[PDB]
Amino acid sequence: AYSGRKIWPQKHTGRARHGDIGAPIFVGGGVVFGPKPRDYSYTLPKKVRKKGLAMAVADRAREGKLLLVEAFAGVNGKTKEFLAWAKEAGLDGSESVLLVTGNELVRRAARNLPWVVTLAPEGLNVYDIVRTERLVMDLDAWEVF
Amino acid sequence: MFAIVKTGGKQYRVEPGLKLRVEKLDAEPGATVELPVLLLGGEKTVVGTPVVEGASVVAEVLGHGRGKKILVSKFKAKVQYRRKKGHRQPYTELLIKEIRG
Amino acid sequence: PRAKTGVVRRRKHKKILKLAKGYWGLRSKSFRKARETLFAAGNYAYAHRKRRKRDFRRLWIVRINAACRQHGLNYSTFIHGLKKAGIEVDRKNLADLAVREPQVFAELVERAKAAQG
Amino acid sequence: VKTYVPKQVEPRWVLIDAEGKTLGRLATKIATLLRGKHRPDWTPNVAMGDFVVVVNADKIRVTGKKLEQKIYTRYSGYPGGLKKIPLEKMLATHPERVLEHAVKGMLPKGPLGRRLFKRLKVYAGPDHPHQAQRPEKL
Amino acid sequence: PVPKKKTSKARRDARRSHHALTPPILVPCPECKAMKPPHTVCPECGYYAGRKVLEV
Amino acid sequence: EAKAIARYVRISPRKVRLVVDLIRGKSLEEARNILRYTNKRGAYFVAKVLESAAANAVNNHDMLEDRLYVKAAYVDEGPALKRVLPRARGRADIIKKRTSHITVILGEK
RNA sequence: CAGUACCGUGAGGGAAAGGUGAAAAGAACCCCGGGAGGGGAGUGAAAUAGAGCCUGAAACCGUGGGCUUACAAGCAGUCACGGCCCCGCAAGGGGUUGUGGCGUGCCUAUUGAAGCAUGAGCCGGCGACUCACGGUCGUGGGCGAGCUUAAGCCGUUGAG
RNA sequence: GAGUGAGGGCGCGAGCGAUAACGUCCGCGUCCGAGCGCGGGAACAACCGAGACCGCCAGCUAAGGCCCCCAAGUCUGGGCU
RNA sequence: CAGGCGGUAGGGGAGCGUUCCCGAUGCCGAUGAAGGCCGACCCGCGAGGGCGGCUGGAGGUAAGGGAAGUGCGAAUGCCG
């Protein structure tokens, strides 16, 4: 931002061999490039997308997960409809659970999921499942062959 | 009447039932009874018989009573910017008790 | 990303205050001056934790000449007397028997030069 | 903690000197004994002392080769001139101050060397002006 | 002139112990109740030997 | 009990410093007399002060004239102001102005 | 309320300054009184909430308090013992010095320093090797004669 | 993956310089430097003796010490001064 | 148990505090968090960390690992 163009002499000056308004002191002037837009964007492929979710859930099965794959909860829309599928399925407040169903019906159904996930397409939210457990999938096909 | 001994380059003289410092050694806390070797004795009334040693056969006597205290120190030098700070020396302490010979 | 000082300087300059704040006036009112005087109250406090030993050492010894100057003889001399013959110690300090009842060490002084006949 | 400390020493008294005592040579001996050194009860912080007298303090065994051979070196010149006087004159002038010179020559230092000094009457009587204990020891 | 150094509140007050507060005297005057300083003129007792203030 | 004051001036506590270590000790009357006729600025100010404490001390706190000794005082600094003055090679001889903030107290004999 | 104060010949150069509370509800009244500034008292959870009003430290400023000083040689602190007023029933824990042994500081710079060879008015706060992409040699590692995909098309609150 | 060619002081050796210098230019050895943190040296990096963390109102001993200002015989002979 | 042990540069080992992440539709908190004056108890070898009182008046962040304008006596530095 084009600075005012230098200042006072040097040898003498107002006592201080220095005179470039680069502003090496003003709280908002000539500092250092810590940040910089590029927040370094690194990533990888399915080489691990698979292998990872495997050992985890597989171990989470050494604790018991569940898998249904495909079913009916009721009017695949209302909160407490699926509630009739919470106390009649078995699950309840503590272990925390996650589940994938690609039907937009379940989408505008699961709305706010206090205790669980609610998914649609193909993400990878092991994150919360790591600190949790219970699960269900959408066909052995969706997990990917 | 006094009495003296060394707990490893530390010479002390206790009346009947005193104590405060002397670093430390093992042997479980207050309830155990032990004793090492003496020099010649102590003064007052009528002592005065040291000679060659005497530290054989006989010996002194003292009880036990561990309280184990870590005692601070505070270390620091200072030369040309070399002021290596932050360093205490906990070390041991004993608050036991004594008796006779 | 936005990390800049704040209060941390005070922590690493406050000990400076307390651990000192009792010296002069200036060496106890400027973080640096105290800083430096801690270095002195340091090389000197450590130099006087180094001192006390090689100070009290002598204070006893000559007094031991004062036990023998009035009881007959002198220091160095009476020393050997014992050392060669039998037991060896009395610790240059324990001879504080000097103040607490005398005739005591009198008996033993004569014990020292005994090894000469 | 074998403290040892004398706790309230309380000084003594004495007398010394004769028309045949060796100036200086013996002075060293006063101080080492004036400090109360010979008193067991001792901690070089507790200023005690042996109240001293020194009668016959003139012509006192004039050492060896000192006559017209030893000079007095003190009193710094303020312009470019100082003070002097050697044996044959000073020795026989202000006799007290005369022997006290070889003494004042060395001495200790600090407020302690002072209080201690005070007790040191000198002249050539004998007989000291405040009779309080005279146990002379040669 | 022009020295290099700070200051010590030490000698500061040690040269002004002398400054001190020196009080201005107070003299007599019967009548009402005056106690007016050196040759003053006020209504407090007024005086009794002039022509300046009230004497009722 | 007997509460006076001294605040919002434009001059130095050192001018009054004397007007402190002189009044403390003697009673209400002793000082009132003295300082009143010990001119040199200070005097014509510490006056209205002995009166402000006087009005209320015997208004709300209930006390009396001759029983209210001069306990002691208090003397410290306060705010400033910016001003400048001409001088030298077009220089700038510059400063502020030191004001006063200090306390006074009496009590029950 | 700044591209405003201000400076500049011009060109232009260019500023500090956020904050009561939940609600001003913002002091009525009487006493000192020049208007000022004060005090009770009141609205008020709080006026050490009150108008250079949040909480408010540091350089600095003494009222009042305790330890201390006029025989005196001092990078000044230290430690030895000892003394005097504070808490701990106690054993001892303080403060601070009395004598005395101890006492050449520091940040640079450098065969070479304590340092009348530099700089440091003093405190607060702000202050300087990250990052991009690339290259190199190591590291936890997956797969492994195999081992990785650039920008895009769909999908993505968000993920892929 | 770093530092480094401003090193010198001392000693023997040695060219140099007027066996003139806390100098030069070296080989070497060593100490500092980097060991201004011991100790002697009166006080003082480079001389002799000494290589570093505790606590110590502990003991031997090397340099170097035994009248004072601070400590260990004003020892012992013998002579010389 | 032998061992080692000043150590400017330097190059190795750990750790220490300190601001934004997720754990935060988790948990302490007006029976005080942040700030701060005091401490002469508890641990760190230290880096620091705790804990308790008091002032103080709305937010903070476990274990954990994830980022790092930070680790500030000064530079006749910059500002007040």
# chains A, B, ... in the order shown; residues from 1 in each chain; ligands from 1
$ closest_atom_pairs --of "chain H" --to "chain B" --cutoff "10 Å" --atoms "only C-alpha atoms (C1' of nucleotides)" --output "Markdown table"
| residue | atom | partner | partner_atom | distance |
| --- | --- | --- | --- | --- |
| H:36 | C1' | B:79 | CA | 8.8 |
| H:37 | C1' | B:79 | CA | 8.5 |
| H:53 | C1' | B:75 | CA | 9.9 |
| H:54 | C1' | B:89 | CA | 6.3 |
| H:55 | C1' | B:91 | CA | 7.3 |
| H:56 | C1' | B:10 | CA | 6.8 |
| H:57 | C1' | B:11 | CA | 9.3 |
| H:58 | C1' | B:9 | CA | 4.2 |
| H:59 | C1' | B:9 | CA | 7.8 |
$ write_last_selection --atoms "C-alpha atoms (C1' of nucleotides)" --output "PDB file, in the first residue's frame"
ATOM      1  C1'   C H  36      37.763 -13.402  34.103  1.00  0.00           C
ATOM      2  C1'   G H  37      34.495 -19.802  37.895  1.00  0.00           C
ATOM      3  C1'   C H  53      26.490 -30.701  39.748  1.00  0.00           C
ATOM      4  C1'   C H  54      24.150 -31.799  46.440  1.00  0.00           C
ATOM      5  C1'   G H  55      24.409 -31.057  51.229  1.00  0.00           C
ATOM      6  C1'   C H  56      28.743 -30.404  54.992  1.00  0.00           C
ATOM      7  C1'   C H  57      29.722 -25.988  62.017  1.00  0.00           C
ATOM      8  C1'   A H  58      33.964 -33.421  57.443  1.00  0.00           C
ATOM      9  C1'   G H  59      39.140 -35.906  57.040  1.00  0.00           C
TER      10        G H  59
END
$ interface_residues --of "chain I" --to "chain B" --cutoff "12 Å" --atoms "only C-alpha atoms (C1' of nucleotides)" --output "PyMOL selection string"
chain I and resi 6-8+16+42-48
$ select_by_dssp --residues "region 3-107 of chain F" --states "strand (DSSP E)" --output "MDAnalysis selection string"
chainID F and resid 72:73 76:78 83:85 93:95 99:101 104:105
$ residues_around --residues "region 4-14 of chain D" --least-positions-apart "2" --cutoff "6 Å" --atoms "only C-alpha atoms (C1' of nucleotides)" --output "list in words"
residues 2, 41, 42, 43, 48, 49, 50, 51, 52, 133, 134, 135 and 136 of chain D
$ residues_around --residues "residue 14 (chain H)" --least-positions-apart "4" --cutoff "12 Å" --atoms "only C-alpha atoms (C1' of nucleotides)" --output "ChimeraX atom specification"
/H:25-28
$ decode --residues "region 49-77 of chain I" --atoms "N, CA, C and O atoms (P, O5', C5', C4', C3', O3' and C1' of nucleotides)" --output "PDB file, in the first residue's frame"
ATOM      1  P     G I  49       2.366 -21.694  34.464  1.00  0.00           P
ATOM      2  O5'   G I  49       2.014 -23.067  35.216  1.00  0.00           O
ATOM      3  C5'   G I  49       1.897 -24.293  34.480  1.00  0.00           C
ATOM      4  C4'   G I  49       1.907 -25.471  35.431  1.00  0.00           C
ATOM      5  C3'   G I  49       0.709 -25.524  36.364  1.00  0.00           C
ATOM      6  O3'   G I  49      -0.417 -26.080  35.693  1.00  0.00           O
ATOM      7  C1'   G I  49       2.697 -26.002  37.567  1.00  0.00           C
ATOM      8  P     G I  50      -1.828 -25.300  35.652  1.00  0.00           P
ATOM      9  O5'   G I  50      -2.432 -25.527  37.128  1.00  0.00           O
ATOM     10  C5'   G I  50      -1.776 -25.072  38.335  1.00  0.00           C
ATOM     11  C4'   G I  50      -1.844 -26.134  39.429  1.00  0.00           C
ATOM     12  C3'   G I  50      -2.890 -25.906  40.517  1.00  0.00           C
ATOM     13  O3'   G I  50      -4.164 -26.397  40.118  1.00  0.00           O
ATOM     14  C1'   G I  50      -0.822 -26.438  41.534  1.00  0.00           C
ATOM     15  P     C I  51      -5.502 -25.640  40.592  1.00  0.00           P
ATOM     16  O5'   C I  51      -5.384 -25.609  42.195  1.00  0.00           O
ATOM     17  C5'   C I  51      -5.577 -26.784  43.000  1.00  0.00           C
ATOM     18  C4'   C I  51      -5.307 -26.487  44.466  1.00  0.00           C
ATOM     19  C3'   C I  51      -5.997 -25.242  45.016  1.00  0.00           C
ATOM     20  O3'   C I  51      -7.380 -25.468  45.325  1.00  0.00           O
ATOM     21  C1'   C I  51      -3.726 -25.176  45.618  1.00  0.00           C
ATOM     22  P     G I  52      -8.439 -24.247  45.275  1.00  0.00           P
ATOM     23  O5'   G I  52      -8.101 -23.404  46.595  1.00  0.00           O
ATOM     24  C5'   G I  52      -8.189 -24.014  47.893  1.00  0.00           C
ATOM     25  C4'   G I  52      -7.833 -23.035  48.997  1.00  0.00           C
ATOM     26  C3'   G I  52      -8.279 -21.597  48.753  1.00  0.00           C
ATOM     27  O3'   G I  52      -9.675 -21.412  49.004  1.00  0.00           O
ATOM     28  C1'   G I  52      -6.019 -21.578  49.400  1.00  0.00           C
ATOM     29  P     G I  53     -10.470 -20.186  48.320  1.00  0.00           P
ATOM     30  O5'   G I  53     -10.020 -18.956  49.237  1.00  0.00           O
ATOM     31  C5'   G I  53     -10.160 -19.013  50.666  1.00  0.00           C
ATOM     32  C4'   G I  53      -9.628 -17.758  51.334  1.00  0.00           C
ATOM     33  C3'   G I  53     -10.077 -16.449  50.697  1.00  0.00           C
ATOM     34  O3'   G I  53     -11.387 -16.101  51.140  1.00  0.00           O
ATOM     35  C1'   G I  53      -7.746 -16.370  51.035  1.00  0.00           C
ATOM     36  P     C I  54     -12.427 -15.433  50.098  1.00  0.00           P
ATOM     37  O5'   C I  54     -11.835 -13.957  49.967  1.00  0.00           O
ATOM     38  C5'   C I  54     -11.596 -13.168  51.130  1.00  0.00           C
ATOM     39  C4'   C I  54     -10.827 -11.924  50.752  1.00  0.00           C
ATOM     40  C3'   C I  54     -11.277 -11.292  49.440  1.00  0.00           C
ATOM     41  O3'   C I  54     -12.488 -10.540  49.581  1.00  0.00           O
ATOM     42  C1'   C I  54      -8.952 -11.520  49.400  1.00  0.00           C
ATOM     43  P     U I  55     -13.606 -10.571  48.413  1.00  0.00           P
ATOM     44  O5'   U I  55     -13.096  -9.388  47.448  1.00  0.00           O
ATOM     45  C5'   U I  55     -12.895  -8.061  47.973  1.00  0.00           C
ATOM     46  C4'   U I  55     -11.867  -7.255  47.184  1.00  0.00           C
ATOM     47  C3'   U I  55     -12.240  -6.904  45.747  1.00  0.00           C
ATOM     48  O3'   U I  55     -12.975  -5.677  45.691  1.00  0.00           O
ATOM     49  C1'   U I  55     -10.089  -7.888  45.776  1.00  0.00           C
ATOM     50  P     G I  56     -14.422  -5.598  44.980  1.00  0.00           P
ATOM     51  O5'   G I  56     -14.175  -6.123  43.482  1.00  0.00           O
ATOM     52  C5'   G I  56     -13.259  -5.466  42.595  1.00  0.00           C
ATOM     53  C4'   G I  56     -12.909  -6.336  41.395  1.00  0.00           C
ATOM     54  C3'   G I  56     -14.107  -6.888  40.642  1.00  0.00           C
ATOM     55  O3'   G I  56     -14.547  -5.913  39.697  1.00  0.00           O
ATOM     56  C1'   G I  56     -12.490  -8.618  40.981  1.00  0.00           C
ATOM     57  P     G I  57     -16.071  -5.395  39.744  1.00  0.00           P
ATOM     58  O5'   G I  57     -16.804  -6.310  38.646  1.00  0.00           O
ATOM     59  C5'   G I  57     -16.745  -6.019  37.235  1.00  0.00           C
ATOM     60  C4'   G I  57     -17.008  -7.277  36.407  1.00  0.00           C
ATOM     61  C3'   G I  57     -18.482  -7.584  36.094  1.00  0.00           C
ATOM     62  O3'   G I  57     -18.742  -8.058  34.746  1.00  0.00           O
ATOM     63  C1'   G I  57     -17.590  -9.235  37.612  1.00  0.00           C
ATOM     64  P     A I  58     -20.193  -7.889  34.032  1.00  0.00           P
ATOM     65  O5'   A I  58     -19.926  -8.445  32.555  1.00  0.00           O
ATOM     66  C5'   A I  58     -20.647  -9.573  32.042  1.00  0.00           C
ATOM     67  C4'   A I  58     -19.697 -10.495  31.297  1.00  0.00           C
ATOM     68  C3'   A I  58     -20.381 -11.631  30.540  1.00  0.00           C
ATOM     69  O3'   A I  58     -19.730 -11.885  29.285  1.00  0.00           O
ATOM     70  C1'   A I  58     -19.074 -12.537  32.303  1.00  0.00           C
ATOM     71  P     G I  59     -20.457 -12.724  28.107  1.00  0.00           P
ATOM     72  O5'   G I  59     -19.670 -14.133  28.108  1.00  0.00           O
ATOM     73  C5'   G I  59     -18.356 -14.282  27.539  1.00  0.00           C
ATOM     74  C4'   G I  59     -17.344 -14.634  28.615  1.00  0.00           C
ATOM     75  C3'   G I  59     -16.261 -15.631  28.224  1.00  0.00           C
ATOM     76  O3'   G I  59     -15.184 -15.045  27.478  1.00  0.00           O
ATOM     77  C1'   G I  59     -17.198 -16.293  30.293  1.00  0.00           C
ATOM     78  P     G I  60     -14.229 -15.985  26.568  1.00  0.00           P
ATOM     79  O5'   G I  60     -13.310 -16.726  27.649  1.00  0.00           O
ATOM     80  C5'   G I  60     -12.824 -18.046  27.427  1.00  0.00           C
ATOM     81  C4'   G I  60     -12.874 -18.870  28.703  1.00  0.00           C
ATOM     82  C3'   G I  60     -12.349 -20.290  28.567  1.00  0.00           C
ATOM     83  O3'   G I  60     -10.927 -20.295  28.590  1.00  0.00           O
ATOM     84  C1'   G I  60     -14.379 -20.357  29.735  1.00  0.00           C
ATOM     85  P     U I  61     -10.067 -20.829  27.331  1.00  0.00           P
ATOM     86  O5'   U I  61      -9.211 -22.022  27.982  1.00  0.00           O
ATOM     87  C5'   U I  61      -9.045 -23.281  27.321  1.00  0.00           C
ATOM     88  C4'   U I  61      -9.891 -24.348  27.985  1.00  0.00           C
ATOM     89  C3'   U I  61     -10.050 -25.654  27.201  1.00  0.00           C
ATOM     90  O3'   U I  61      -8.942 -26.557  27.450  1.00  0.00           O
ATOM     91  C1'   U I  61     -12.173 -24.895  28.031  1.00  0.00           C
ATOM     92  P     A I  62      -8.841 -28.035  26.783  1.00  0.00           P
ATOM     93  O5'   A I  62      -9.530 -28.972  27.874  1.00  0.00           O
ATOM     94  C5'   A I  62      -9.260 -28.769  29.257  1.00  0.00           C
ATOM     95  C4'   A I  62      -9.341 -30.072  30.006  1.00  0.00           C
ATOM     96  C3'   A I  62      -8.283 -31.099  29.625  1.00  0.00           C
ATOM     97  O3'   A I  62      -7.130 -30.890  30.462  1.00  0.00           O
ATOM     98  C1'   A I  62     -10.469 -32.087  29.986  1.00  0.00           C
ATOM     99  P     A I  63      -5.635 -31.143  29.919  1.00  0.00           P
ATOM    100  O5'   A I  63      -5.663 -32.696  29.544  1.00  0.00           O
ATOM    101  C5'   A I  63      -5.704 -33.667  30.584  1.00  0.00           C
ATOM    102  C4'   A I  63      -5.884 -35.071  30.033  1.00  0.00           C
ATOM    103  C3'   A I  63      -5.250 -35.336  28.684  1.00  0.00           C
ATOM    104  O3'   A I  63      -3.851 -35.522  28.830  1.00  0.00           O
ATOM    105  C1'   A I  63      -7.378 -36.370  28.793  1.00  0.00           C
ATOM    106  P     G I  64      -2.855 -34.682  27.895  1.00  0.00           P
ATOM    107  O5'   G I  64      -3.144 -35.291  26.456  1.00  0.00           O
ATOM    108  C5'   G I  64      -3.392 -36.682  26.324  1.00  0.00           C
ATOM    109  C4'   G I  64      -4.295 -36.881  25.144  1.00  0.00           C
ATOM    110  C3'   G I  64      -3.725 -36.238  23.902  1.00  0.00           C
ATOM    111  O3'   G I  64      -2.754 -37.118  23.316  1.00  0.00           O
ATOM    112  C1'   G I  64      -6.028 -35.686  24.140  1.00  0.00           C
ATOM    113  P     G I  65      -1.177 -36.820  23.518  1.00  0.00           P
ATOM    114  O5'   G I  65      -0.588 -37.036  22.050  1.00  0.00           O
ATOM    115  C5'   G I  65      -0.398 -35.910  21.178  1.00  0.00           C
ATOM    116  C4'   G I  65      -1.483 -35.856  20.114  1.00  0.00           C
ATOM    117  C3'   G I  65      -1.451 -34.657  19.165  1.00  0.00           C
ATOM    118  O3'   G I  65      -0.679 -34.923  18.010  1.00  0.00           O
ATOM    119  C1'   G I  65      -3.609 -34.863  20.088  1.00  0.00           C
ATOM    120  P     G I  66      -0.207 -33.720  17.053  1.00  0.00           P
ATOM    121  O5'   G I  66      -1.564 -32.995  16.594  1.00  0.00           O
ATOM    122  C5'   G I  66      -2.175 -33.317  15.340  1.00  0.00           C
ATOM    123  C4'   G I  66      -3.103 -32.221  14.838  1.00  0.00           C
ATOM    124  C3'   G I  66      -2.492 -30.854  14.540  1.00  0.00           C
ATOM    125  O3'   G I  66      -1.855 -30.827  13.276  1.00  0.00           O
ATOM    126  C1'   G I  66      -4.423 -30.545  15.787  1.00  0.00           C
ATOM    127  P     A I  67      -0.288 -30.467  13.160  1.00  0.00           P
ATOM    128  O5'   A I  67      -0.134 -29.066  13.909  1.00  0.00           O
ATOM    129  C5'   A I  67       0.241 -27.899  13.182  1.00  0.00           C
ATOM    130  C4'   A I  67      -0.993 -27.162  12.688  1.00  0.00           C
ATOM    131  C3'   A I  67      -0.794 -25.665  12.477  1.00  0.00           C
ATOM    132  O3'   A I  67      -0.436 -25.375  11.114  1.00  0.00           O
ATOM    133  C1'   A I  67      -2.555 -26.022  14.033  1.00  0.00           C
ATOM    134  P     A I  68       1.094 -25.025  10.711  1.00  0.00           P
ATOM    135  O5'   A I  68       1.661 -24.187  11.965  1.00  0.00           O
ATOM    136  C5'   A I  68       1.852 -22.757  11.938  1.00  0.00           C
ATOM    137  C4'   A I  68       1.456 -22.160  13.281  1.00  0.00           C
ATOM    138  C3'   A I  68       1.887 -20.727  13.585  1.00  0.00           C
ATOM    139  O3'   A I  68       0.882 -19.815  13.140  1.00  0.00           O
ATOM    140  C1'   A I  68       1.850 -22.164  15.527  1.00  0.00           C
ATOM    141  P     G I  69       1.166 -18.794  11.930  1.00  0.00           P
ATOM    142  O5'   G I  69       0.903 -17.331  12.537  1.00  0.00           O
ATOM    143  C5'   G I  69       1.555 -16.903  13.740  1.00  0.00           C
ATOM    144  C4'   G I  69       2.670 -15.909  13.451  1.00  0.00           C
ATOM    145  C3'   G I  69       3.275 -15.273  14.702  1.00  0.00           C
ATOM    146  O3'   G I  69       4.691 -15.050  14.612  1.00  0.00           O
ATOM    147  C1'   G I  69       2.080 -13.620  13.458  1.00  0.00           C
ATOM    148  P     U I  70       5.695 -15.644  15.724  1.00  0.00           P
ATOM    149  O5'   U I  70       4.962 -15.375  17.113  1.00  0.00           O
ATOM    150  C5'   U I  70       5.076 -14.117  17.762  1.00  0.00           C
ATOM    151  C4'   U I  70       4.942 -14.306  19.259  1.00  0.00           C
ATOM    152  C3'   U I  70       6.209 -14.743  19.972  1.00  0.00           C
ATOM    153  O3'   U I  70       7.143 -13.675  20.212  1.00  0.00           O
ATOM    154  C1'   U I  70       4.482 -16.202  20.586  1.00  0.00           C
ATOM    155  P     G I  71       8.642 -13.850  19.660  1.00  0.00           P
ATOM    156  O5'   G I  71       8.910 -15.398  19.960  1.00  0.00           O
ATOM    157  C5'   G I  71       9.490 -15.842  21.182  1.00  0.00           C
ATOM    158  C4'   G I  71       8.726 -15.351  22.401  1.00  0.00           C
ATOM    159  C3'   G I  71       9.575 -15.253  23.647  1.00  0.00           C
ATOM    160  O3'   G I  71       9.330 -14.067  24.414  1.00  0.00           O
ATOM    161  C1'   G I  71       8.040 -17.093  23.874  1.00  0.00           C
ATOM    162  P     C I  72       8.274 -13.963  25.611  1.00  0.00           P
ATOM    163  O5'   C I  72       7.824 -12.427  25.537  1.00  0.00           O
ATOM    164  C5'   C I  72       8.545 -11.377  26.199  1.00  0.00           C
ATOM    165  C4'   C I  72      10.040 -11.483  25.919  1.00  0.00           C
ATOM    166  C3'   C I  72      10.855 -10.256  26.316  1.00  0.00           C
ATOM    167  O3'   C I  72      12.098 -10.629  26.869  1.00  0.00           O
ATOM    168  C1'   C I  72      11.031 -10.545  23.996  1.00  0.00           C
ATOM    169  P     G I  73      12.512 -10.075  28.313  1.00  0.00           P
ATOM    170  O5'   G I  73      13.957  -9.451  28.069  1.00  0.00           O
ATOM    171  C5'   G I  73      14.137  -8.392  27.146  1.00  0.00           C
ATOM    172  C4'   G I  73      13.948  -7.059  27.839  1.00  0.00           C
ATOM    173  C3'   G I  73      14.436  -5.875  27.016  1.00  0.00           C
ATOM    174  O3'   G I  73      13.534  -4.761  27.017  1.00  0.00           O
ATOM    175  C1'   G I  73      15.841  -6.201  28.977  1.00  0.00           C
ATOM    176  P     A I  74      13.089  -4.060  25.633  1.00  0.00           P
ATOM    177  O5'   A I  74      13.978  -2.722  25.566  1.00  0.00           O
ATOM    178  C5'   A I  74      14.664  -2.306  24.359  1.00  0.00           C
ATOM    179  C4'   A I  74      16.032  -1.707  24.703  1.00  0.00           C
ATOM    180  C3'   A I  74      16.969  -1.379  23.534  1.00  0.00           C
ATOM    181  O3'   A I  74      17.712  -0.157  23.758  1.00  0.00           O
ATOM    182  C1'   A I  74      17.875  -3.203  24.813  1.00  0.00           C
ATOM    183  P     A I  75      17.899   0.931  22.575  1.00  0.00           P
ATOM    184  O5'   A I  75      18.477   0.062  21.352  1.00  0.00           O
ATOM    185  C5'   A I  75      19.882  -0.071  21.076  1.00  0.00           C
ATOM    186  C4'   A I  75      20.076  -0.649  19.687  1.00  0.00           C
ATOM    187  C3'   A I  75      19.317   0.117  18.612  1.00  0.00           C
ATOM    188  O3'   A I  75      20.130   1.180  18.109  1.00  0.00           O
ATOM    189  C1'   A I  75      18.904  -2.235  18.396  1.00  0.00           C
ATOM    190  P     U I  76      19.479   2.423  17.311  1.00  0.00           P
ATOM    191  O5'   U I  76      19.496   3.656  18.332  1.00  0.00           O
ATOM    192  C5'   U I  76      19.361   3.462  19.736  1.00  0.00           C
ATOM    193  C4'   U I  76      19.633   4.749  20.489  1.00  0.00           C
ATOM    194  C3'   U I  76      18.648   5.882  20.242  1.00  0.00           C
ATOM    195  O3'   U I  76      17.566   5.769  21.163  1.00  0.00           O
ATOM    196  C1'   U I  76      20.890   6.685  20.107  1.00  0.00           C
ATOM    197  P     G I  77      16.050   6.037  20.712  1.00  0.00           P
ATOM    198  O5'   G I  77      15.917   5.234  19.329  1.00  0.00           O
ATOM    199  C5'   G I  77      16.074   3.811  19.292  1.00  0.00           C
ATOM    200  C4'   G I  77      15.489   3.220  18.021  1.00  0.00           C
ATOM    201  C3'   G I  77      14.006   3.477  17.853  1.00  0.00           C
ATOM    202  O3'   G I  77      13.814   4.647  17.064  1.00  0.00           O
ATOM    203  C1'   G I  77      14.389   1.145  17.786  1.00  0.00           C
TER     204        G I  77
END
